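Here's the structure we're looking at; comments come further down.
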Amino acid sequence: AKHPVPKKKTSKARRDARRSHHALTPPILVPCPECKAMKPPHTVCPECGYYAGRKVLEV
Amino acid sequence: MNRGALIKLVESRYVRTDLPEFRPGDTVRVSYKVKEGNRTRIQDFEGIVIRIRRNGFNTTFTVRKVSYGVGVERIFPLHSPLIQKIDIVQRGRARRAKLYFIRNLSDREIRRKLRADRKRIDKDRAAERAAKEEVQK
Amino acid sequence: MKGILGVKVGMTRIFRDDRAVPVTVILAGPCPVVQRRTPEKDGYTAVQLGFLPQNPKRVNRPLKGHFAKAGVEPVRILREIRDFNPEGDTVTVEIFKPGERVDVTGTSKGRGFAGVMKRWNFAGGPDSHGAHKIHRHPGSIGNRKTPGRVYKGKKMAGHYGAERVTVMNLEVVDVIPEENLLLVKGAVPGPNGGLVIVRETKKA
Amino acid sequence: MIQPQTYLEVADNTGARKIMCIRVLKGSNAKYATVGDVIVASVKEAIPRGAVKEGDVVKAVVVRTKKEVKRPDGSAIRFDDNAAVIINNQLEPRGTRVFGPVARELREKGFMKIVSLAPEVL
Amino acid sequence: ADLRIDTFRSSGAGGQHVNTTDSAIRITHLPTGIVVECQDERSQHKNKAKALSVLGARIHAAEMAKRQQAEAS
Amino acid sequence: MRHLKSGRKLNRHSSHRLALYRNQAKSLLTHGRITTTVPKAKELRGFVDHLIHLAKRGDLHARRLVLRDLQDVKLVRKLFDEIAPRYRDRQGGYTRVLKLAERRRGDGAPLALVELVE
RNA sequence: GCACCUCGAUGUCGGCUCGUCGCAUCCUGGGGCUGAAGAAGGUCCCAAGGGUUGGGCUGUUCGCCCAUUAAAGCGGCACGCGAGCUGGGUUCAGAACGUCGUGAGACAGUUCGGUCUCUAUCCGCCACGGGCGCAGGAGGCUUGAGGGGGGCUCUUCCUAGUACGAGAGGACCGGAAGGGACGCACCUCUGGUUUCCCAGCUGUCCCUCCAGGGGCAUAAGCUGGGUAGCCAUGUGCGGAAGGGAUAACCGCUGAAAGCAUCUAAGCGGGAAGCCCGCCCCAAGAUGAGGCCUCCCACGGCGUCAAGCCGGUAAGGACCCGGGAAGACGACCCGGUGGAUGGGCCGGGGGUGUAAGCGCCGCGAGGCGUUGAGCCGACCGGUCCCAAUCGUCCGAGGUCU
RNA sequence: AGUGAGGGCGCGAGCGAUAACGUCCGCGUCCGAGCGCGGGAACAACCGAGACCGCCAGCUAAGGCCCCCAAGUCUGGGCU
Ligand SMILES: [Mg+2]
Ligand SMILES: [Mg+2]
Ligand SMILES: [Mg+2]
Ligand SMILES: [Mg+2]
Ligand SMILES: [Mg+2]
Ligand SMILES: [Mg+2]
Ligand SMILES: [Mg+2]
Ligand SMILES: [Mg+2]
Ligand SMILES: [Mg+2]
Ligand SMILES: [Mg+2]
Ligand SMILES: [Mg+2]
Ligand SMILES: [Mg+2]
Ligand SMILES: [Mg+2]
Ligand SMILES: [Mg+2]
Ligand SMILES: [Mg+2]
Ligand SMILES: [Mg+2]
Ligand SMILES: [Mg+2]
Ligand SMILES: [Mg+2]
Ligand SMILES: [Mg+2]
Ligand SMILES: [Mg+2]
Ligand SMILES: [Mg+2]
Ligand SMILES: [Mg+2]
Ligand SMILES: [Mg+2]
Ligand SMILES: [Mg+2]
Ligand SMILES: [Mg+2]
Ligand SMILES: [Mg+2]
Ligand SMILES: [Mg+2]
Ligand SMILES: [Mg+2]
Ligand SMILES: [Mg+2]
Ligand SMILES: [Mg+2]
Ligand SMILES: [Mg+2]
Ligand SMILES: [Mg+2]
Ligand SMILES: [Mg+2]
Ligand SMILES: [Mg+2]
Ligand SMILES: [Mg+2]
Ligand SMILES: [Mg+2]
Ligand SMILES: [Mg+2]
Ligand SMILES: [Mg+2]
Ligand SMILES: [Mg+2]
Ligand SMILES: [Mg+2]
Ligand SMILES: [Mg+2]
Ligand SMILES: [Mg+2]
Ligand SMILES: [Mg+2]
Ligand SMILES: [Mg+2]
Ligand SMILES: [Mg+2]
Ligand SMILES: [Mg+2]
Ligand SMILES: [Mg+2]
Ligand SMILES: [Mg+2]
Ligand SMILES: [Mg+2]
Ligand SMILES: [Mg+2]
Ligand SMILES: [Mg+2]
Ligand SMILES: [Mg+2]
Ligand SMILES: [Mg+2]
Ligand SMILES: [Mg+2]
Ligand SMILES: [Mg+2]
Ligand SMILES: [Mg+2]
Ligand SMILES: [Mg+2]
Ligand SMILES: [Mg+2]
Ligand SMILES: [Mg+2]
Ligand SMILES: [Mg+2]
Ligand SMILES: [Mg+2]
Ligand SMILES: [Mg+2]
Ligand SMILES: [Mg+2]
Ligand SMILES: [Mg+2]
Ligand SMILES: [Mg+2]
Ligand SMILES: [Mg+2]
Ligand SMILES: [Mg+2]
Ligand SMILES: [Mg+2]
Ligand SMILES: [Mg+2]
Ligand SMILES: [Mg+2]
Ligand SMILES: [Mg+2]
Ligand SMILES: [Mg+2]
Ligand SMILES: [Mg+2]
Ligand SMILES: [Mg+2]
Ligand SMILES: [Mg+2]
Ligand SMILES: [Mg+2]
Ligand SMILES: [Mg+2]
Ligand SMILES: [Mg+2]
Ligand SMILES: [Mg+2]
Ligand SMILES: [Mg+2]
Ligand SMILES: [Mg+2]
Ligand SMILES: [Mg+2]
Ligand SMILES: [Mg+2]
Ligand SMILES: [Mg+2]
Ligand SMILES: [Mg+2]
Ligand SMILES: [Mg+2]
Ligand SMILES: [Mg+2]
Ligand SMILES: [Mg+2]
Ligand SMILES: [Mg+2]
Ligand SMILES: [Mg+2]
Ligand SMILES: [Mg+2]
Ligand SMILES: [Mg+2]
Ligand SMILES: [Mg+2]
Ligand SMILES: [Mg+2]
Ligand SMILES: [Zn+2]
């Protein structure tokens, strides 16, 4: 290695140009069939601990 | 669509049955069909079977044989048409599936290490002699 | 240019005239036609062949409509055997006689991001004699201030395999029309389950 | 498999005992020699008053390998050593006897004399 | 016409010059077979000069030995 | 490459990853329900499955087999004498996993629970 | 030679790795002449498509030699390639010989030793996605402009011991077979690996004393084996045939120039080369192509915005179970009208006779129960467990 | 005060090889300082020409006038 190094300060444009893809996607939620409070899908509801219309997690 | 059975199905037409069971350590004698120049003939290769790699129709085995100072191993496809017969010369009590170690052993040592398998010998000369009995006339 | 779709089921040797022969088996028929290309309506000749029945409980309106015109229940997939126009409404394994030579196309196995050694069979460095961390490296890729660049198609590391590759002039060994199978002397690309095209060879 | 620098027992009475291969002839750049192929080899030791001397550059034909050779019939065969047999340019065997079995491959290759003298083809 | 002259990089010391300068010489006198190398001084030319000089001297004493093994013989 | 290979690595070596599957088993069995990371859970479900299914065999050999991992004679008793006969009618699938909504703060690890069924 | 760029640095030889171009061609292809009988060989002409070995010596380039070979071509690319490696050589400090010098020291004289720098911003290059476009919207299937890949070659045999030749020798053309090297794919064979699939073993600590086991000795303690997968040493297959236009060259017809001339009109033959053909990429081919099939009236009006809105269509996306797909994305299958994964069962396969008990031996042990027990992937089966339930986007088609 | 590294081109000499974008003198020229403008594709010094500032006016220079690209696919006569 002879220690490579940026030849020119990246332009303010070309900087953000890179960060084009960095913006994040919102979470994916569903209404819980029980409370209708929001939950991520395929997971056990934090509010009531109901899944597959059955009780599991105590909360 | 059991592709497995499909393959094994293809094989079935090439499957033999006429062959005796045997394990490593047993000493056997394959009569092989060979071709000297143009003609066909049978050549007997007799030695200790040192390995068997089972795999359905595609199963095969290796026989080891000293021959005029030179040790020779030979690998036979179990279901080949070029095998007229397989005679069991003497059954032996091995201890592992691959007898490779006897590649480096004095005959006195091979002898002591691979002793005769009394059970499978006794049961063999008990049965088959029981089969000689049943088919009376 | 006769042809047929199928699935590489597996390999296994067989025996013939006291010779062993490596054989890859291929489940071929049946293949119903779905649409026939014609210069008048398509600019060229070919046939859209279907293969493997689809669950109508998965088919959609555009596909079902296509299938209806051809007058044939749903099928898994379609591929075109170019310049081949069959008289039957179904192409069977029967089209190949034991003896014929065939070309088999199949999507190769997928090595993923592969090193230059596995891909292009580069020599790599030495495993010893002072080699500072280049034991599998591609080494030099160019010159100096002329050309002052790397040419296109420089052999380099990337994705290897998982691509269309046709193996040429393979011997049809056998046909099991009752099982719709097909035996082939040699080795066919892709994994035991892959899609394949068997086709009449283009060698003389 | 027998590349250059490979040693081999001589399988005959040429007086040679062990020769080292220096070139496999089958080809303009072939990697390895096998049963039936011919190699130019050098004599690395020999017995007194033998025919060939020690250090003679000679030709020989490989009659036995430790690397098992396949056969069209699906079978294969492997010996316990790498052995060969000294021959002249006309490819006649230089000795008169040959000890230890040889591979049936030799016959096909048209080495008819060597095959006969050998006490067993395999 | 019957000389074969080769040039190549000299051996031993010289810095970068010795590394990038086919200064050494070798002349092969095809008829007889005698060969002289020379990597004395830094100029290739001067080395050819020396080599061409010794080459002459070596052919001469070859013909001198020849005319002796003829005269005495 | 990796083609057609079962079983996870979980950034542990052999010596380790094994003790994991054990102490994870020993905990699951003594508590009936535990919470672990998603992939750690999906491995574990198969493990206790063969163990339990083994205890359904009830014999001393099988018992000595499960003992190899669980080590605790006391726990093993509970597995045979109380856990297993509850599962006599069921064939395979003694374990339930379920993903949890809350990942854990310190590293955004997606969580899940693993439990024995009724 | 000059001293024009670079002394606020353009790292110098050889090797290795990777090559790419030139043709003044080493080989193979075609051809003229020959002091060419034939087999050869010489020289010249065309031809750069591919090919162009392995070792001994030396740091060596060069070169010599060994064994082959169709041949072991020569050059350009900062005498290609040190932000790709090497560091033997050269070119620091140590030290020594010869040598020069009173000397300190010095040497295109030699000898032994001697720090080669983890992070790529831009171009370039290999791969892979996100956006948008494709002047209705979708699902499939395609066309091939353009581009890439490949392109080698020997030996034996037949023809035929024929033409040729005093003889020894020994063909053209046409047909056959077996090779080497290289490329692609593959795992049936052969053969490796197979981090816990089975077994054996030492020491030690532990459980529970015996027995049976467990941790550790590597990040497998060691050893003997080992499926699936990934693989070469293993297996198949490729270079072609063929068509067309040609090079040197060979001819026909034929003036200018009554004859003759392959050429100036015109025509035929003619290469491993060119264009096709074979394989692969390919409609960002913005020149955005084509076929099949599916979807529907805008719902309020937007004044000028040739659309501003918003539930739907055909369909797509999310999420989840996964995958010989894969770094991530992507791609592929599946999601209860389901066998996608896990478990379980079966088969296959590996290991090679479990534990327990009985028997024999003082005992180490042996023998029987027993091909037992254990049994990861491969091939299947089975709703026991897990893909619950759900959410979002998406036409309503501008003009002559 | 500055300058006392000059350079190119033409011409006349020496050196050099009747080589060098070589060197060294003499006469001249321009660049230097006119890398401002037009031509010569691009181009310090070759051709035209010395830019005080403005203009959507005009004539010419060199070099051009088929399209990129301003102006004749101009006329008359030859050669290739
Ligand atoms: Mg993103
Ligand atoms: Mg024997
Ligand atoms: Mg019997
Ligand atoms: Mg009986
Ligand atoms: Mg489809
Ligand atoms: Mg290679
Ligand atoms: Mg490789
Ligand atoms: Mg080093
Ligand atoms: Mg499957
Ligand atoms: Mg011998
Ligand atoms: Mg090779
Ligand atoms: Mg000697
Ligand atoms: Mg044979
Ligand atoms: Mg003799
Ligand atoms: Mg012969
Ligand atoms: Mg012979
Ligand atoms: Mg004999
Ligand atoms: Mg030279
Ligand atoms: Mg001579
Ligand atoms: Mg980590
Ligand atoms: Mg177990
Ligand atoms: Mg939390
Ligand atoms: Mg000057
Ligand atoms: Mg410059
Ligand atoms: Mg420079
Ligand atoms: Mg090179
Ligand atoms: Mg010759
Ligand atoms: Mg020549
Ligand atoms: Mg000449
Ligand atoms: Mg040596
Ligand atoms: Mg050396
Ligand atoms: Mg030295
Ligand atoms: Mg030749
Ligand atoms: Mg030669
Ligand atoms: Mg030569
Ligand atoms: Mg040479
Ligand atoms: Mg060169
Ligand atoms: Mg040294
Ligand atoms: Mg030095
Ligand atoms: Mg230095
Ligand atoms: Mg220096
Ligand atoms: Mg020194
Ligand atoms: Mg002095
Ligand atoms: Mg002195
Ligand atoms: Mg004095
Ligand atoms: Mg010198
Ligand atoms: Mg030194
Ligand atoms: Mg670090
Ligand atoms: Mg479109
Ligand atoms: Mg499109
Ligand atoms: Mg094309
Ligand atoms: Mg092309
Ligand atoms: Mg004759
Ligand atoms: Mg004739
Ligand atoms: Mg003759
Ligand atoms: Mg386990
Ligand atoms: Mg104990
Ligand atoms: Mg024990
Ligand atoms: Mg395996
Ligand atoms: Mg290979
Ligand atoms: Mg081939
Ligand atoms: Mg032909
Ligand atoms: Mg042609
Ligand atoms: Mg022409
Ligand atoms: Mg011409
Ligand atoms: Mg003529
Ligand atoms: Mg002609
Ligand atoms: Mg004429
Ligand atoms: Mg005439
Ligand atoms: Mg006439
Ligand atoms: Mg013509
Ligand atoms: Mg053309
Ligand atoms: Mg085509
Ligand atoms: Mg395509
Ligand atoms: Mg389209
Ligand atoms: Mg309205
Ligand atoms: Mg208004
Ligand atoms: Mg998914
Ligand atoms: Mg069972
Ligand atoms: Mg078994
Ligand atoms: Mg045990
Ligand atoms: Mg089983
Ligand atoms: Mg497991
Ligand atoms: Mg399992
Ligand atoms: Mg599985
Ligand atoms: Mg002054
Ligand atoms: Mg003059
Ligand atoms: Mg002025
Ligand atoms: Mg100045
Ligand atoms: Mg000017
Ligand atoms: Mg200027
Ligand atoms: Mg003019
Ligand atoms: Mg004018
Ligand atoms: Mg007139
Ligand atoms: Zn709720």
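Chain order of the listed sequences is A, B, C, D, E and F.
Per the UniProt record's numbering, the very first residue in the first sequence carries number 2; after that it's consecutive.
Per the UniProt record's numbering, the very first residue in the second sequence carries number 1; after that it's consecutive.
Per the UniProt record's numbering, the very first residue in the third sequence carries number 1; after that it's consecutive.
Per the UniProt record's numbering, the very first residue in the fourth sequence carries number 1; after that it's consecutive.
Per the UniProt record's numbering, the very first residue in the fifth sequence carries number 220; after that it's consecutive.
Per the UniProt record's numbering, the very first residue in the sixth sequence carries number 1; after that it's consecutive.
From the three backbone atoms N, C-alpha and C, an ideal C-beta is built for every residue, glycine too.
How big is the Cα-Cα spacing for residue i and residue j?
| i | j | result |
| --- | --- | --- |
| F:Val97 | F:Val76 | 22 angstroms |
| C:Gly190 | C:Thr107 | 5 angstroms |
| B:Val15 | B:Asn58 | 9 angstroms |
| F:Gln24 | A:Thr26 | 35 angstroms |
| D:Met1 | B:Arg129 | 48 angstroms |
| C:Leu78 | C:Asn55 | 15 angstroms |
| D:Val98 | D:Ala60 | 13 angstroms |
| D:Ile39 | C:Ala187 | 33 angstroms |
| E:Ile224 | D:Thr65 | 50 angstroms |
| D:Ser116 | D:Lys109 | 13 angstroms |
| D:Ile86 | D:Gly95 | 7 angstroms |
| F:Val38 | C:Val9 | 35 angstroms |
| C:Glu87 | D:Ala33 | 54 angstroms |
| B:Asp107 | B:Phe101 | 12 angstroms |
Beta-carbon separation of residue i and residue j under 9 angstroms?
| i | j | result |
| --- | --- | --- |
| F:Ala84 | F:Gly58 | yes |
| D:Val35 | D:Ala103 | yes |
| E:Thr251 | E:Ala281 | yes |
| B:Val89 | B:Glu46 | yes |
| B:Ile50 | B:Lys98 | yes |
| C:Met1 | C:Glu200 | yes |
Taking DSSP's pairing of strands, which residues face residue i in a bridge?
| i | result |
| --- | --- |
| residue 153 of chain B | Past the edges of chain B, shown from 1 to 137, lies residue 153 of chain B, and the structure says nothing about it. |
| C:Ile4 | C:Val198 |
| D:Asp12 | D:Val98 |
| C:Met11 | C:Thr24 |
| A:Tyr52 | A:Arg55 |
Does the count of Cβ pairs from the region 18–35 of chain D and the region 26–42 of chain B closer than 8 angstroms reach three?
-> no
Within the region 54–141 of chain C, note down every full alpha helix (DSSP H) run reaching 4 residues or more, in order along the chain.
-> 61–70 and 116–120
Three-pair Cβ contact test at 8 angstroms for the region 117–127 of chain C versus the region 43–54 of chain C | Touching, no.
Count the CB pairs spanning the region 32–41 of chain C and the region 13–23 of chain C that are closer than 8 angstroms, and state whether there are at least three.
-> no
Within the chosen definition, does the region 130–137 of chain C reach the region 68–87 of chain C through at least 3 CB pairs nearer than 8 angstroms?
-> no
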